[PDB]
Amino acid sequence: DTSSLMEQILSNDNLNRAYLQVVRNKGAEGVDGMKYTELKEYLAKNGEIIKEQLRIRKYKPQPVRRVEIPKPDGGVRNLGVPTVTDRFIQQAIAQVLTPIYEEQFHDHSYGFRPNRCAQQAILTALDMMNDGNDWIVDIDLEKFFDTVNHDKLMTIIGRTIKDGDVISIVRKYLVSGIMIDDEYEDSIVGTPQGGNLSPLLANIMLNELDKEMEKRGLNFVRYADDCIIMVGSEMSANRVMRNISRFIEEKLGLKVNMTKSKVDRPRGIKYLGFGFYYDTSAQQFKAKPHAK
């Protein structure tokens, strides 16, 4: 029964934990200019007003603040920073939804999940490669929150979450522009900015991909919207590339960049900041940070 989750989200126990986490996470200000050091006093004054607005679906998230971060290669990393109030509410929601979805998620999904990290994905993939599955299908997706259809995503979420008050606020956060901090691509470890709820939502939809791959008996790892599939031959890899790309676009409504997607051997793959090499003493593929 998921029809009455809002009061769990709004319980004093859950909100106190969310507050403490958000202040621990610090982070830049959102569009309202409020610093994380101001949240305590703000909630002392306005917390009951905010809870009331959420209960009646009259709370309006602020748009995320768009920040551009220079990349080492001359590109730009885009971040969407929620206000600290919205980080708090997002964290409160995620604390309740995370345990629900942890029961559904696949063991080879590693991104933005409790006690999981990029290095675990790498080690799982290496074990598959060293078992002979060293033709890699590297499907490149356009940014999840730039391309996902909100109606499709909310429909998937609603298969589990029956509480319409929670559905309503989650949709409003999609509209506000929440997104995935991709600094892990540069081998960075640490708290993502603006990531209390968006990565979970992406994992809910991409769990459908995990289930399709599992139905096909495929060897894969996934970290948010970045998946690699380990296959035993070039011919099979090309078939997998075609079949899974079609599934992603047709069933999930996401966009595959076919130019950036490729079939290659491990030495050609860059994944989660790592490259791969064959250790000729161990007789094993291994991984290490790729040049940036």
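The first residue of the shown sequence is 1; numbering continues from there.
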Original post:
Taking the other compared PDB entries with both flanking residues modelled, is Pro72 unmodelled in at least a third?
Top reply: yes
**OP:** Select between 10-18 and 270-278 the stretch whose C-alpha atoms have the higher average B-factor in the entry.
**Re:** 10-18
Subject >> Which of 105-113 and 188-196 has higher mean CA B factor, as the PDB entry lists it >> reply: 188-196
Original post:
Whose CA atom has the top B-factor in the entry, of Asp226, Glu29, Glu250, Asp264?
Top reply: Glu250
**OP:** Could you tell me which one of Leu54, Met241, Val231, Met258 shows the highest CA temperature factor in the PDB record?
**Re:** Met258
Subject >> Third of the chain's Cα B-factor distribution that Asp163 belongs to, per the entry >> reply: highest
Original post:
Taking the entry's C-alpha B-factors for this chain, is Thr147 in the lowest, middle or highest third?
Top reply: highest
Subject >> CA B-factor placement of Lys60, once the chain's modelled residues are sorted into thirds >> reply: middle
**OP:** Can you work out whether the C-alpha temperature factor of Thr98 puts it in the lowest, middle or highest third of the chain?
**Re:** middle
Original post:
Which third of the chain does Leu206 land in by C-alpha B-factor: lowest, middle or highest?
Top reply: lowest
